[PDB]
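Given next, in structure tokens, is a single chain: the form deposited in one PDB entry.
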């Protein structure tokens, strides 16, 4: 099927989505369940909509279909459903006890619907009702949620009786081959059992080529100039050395040695008693006794004398609070995004930062907050204060700014404290990135 079907409304499918649809059709005809990994920004939802519309239209086989999406994407999925292919009938399940009961008794039992869109929490709550019916296609968006066994969602989703299955994700491999095996075992319980060049690489490619489709965003637009990764090493200050040595040797309660060396590489003031006395001043005390703060204080004014518009991704909200104090001291306007920021406050902050003429300079983001949204295309510089164990999580934080709207190349500064646990962390991240590249990219 080299052309878009007739049920599509408001737009013709392009080459990548039509060939993805052909791949999905071939996979269904042969009778296997697969993973679509076209990366965020290649119309995976549009491909799924085209697949379901084709299933309803071309063959007279409409039936109970379940689309599992994160709660933050239910509205967008339903809007796309009602805007692209209105012929299919869709419902969404959300709300507290009374609303859920009303909705199920209204629509789910009579079953005039064909496709249902539900979240993970609603699936756990409503396993009793969602279990009874037969599902001919189970679509799961952001499949990295069920990447781990012994998890309740993965157990419940395996418990369902489905004829076919289909996974949607961007990063199937993050930490090990065990999670890829978990996804493949959910898809094909019999085909993939047990445990998972000549002894590697080639065997993986041959086995996984018919069960996967990965597309790098390079053959579609041929734009968005590539990144520039610069690693900045810091020899942290004397108080940092003193605390690091004290923690390494060993009256304060201290249990997680690794997560004490972590923040110790971030800022000593996080510990109790490292701060000075009851003056509690906030002027040049923090900058001097933290090497990363020194480098940041030297670097940001240069960016401001130039393009500015920097993004700072950090792994601790306490560190973000210290950075907020520093920005206030430097008389820098900013905006802070965090897990504690209410959802209404998040969107207006994003829009204010991304407005055509904003005075806001520094945007502080915790790396694991939000997700798959936040189009900070107008941003210029990405600065990672800390790096986590997931290179793909770091890369996602990097590509939040790296979006189709950006016109100039972006630079990513990664801060590393030598002879600390930061070296191990970055080594692990690089090794995992290499493994993912050698397995999937080719």
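Residue numbers count along the first chain shown, from 1. Note that the rigid core is defined as the largest set of C-alphas that superpose within 1.5 Å between two forms.
Omitted from view is the form deposited in another entry, to which the following refers.
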| Per-residue C-alpha change between the shown form and the other one, residue 434, threshold 2 Å, rigid core fit | no
| Honestly, after the rigid core fit, is residue 343 moving at least 2 Å at Cα between the shown form and the other one? | yes
| 2 Å or more on the CA of residue 13 between the shown form and the other one, with the rigid core superposed, yes or no? | yes
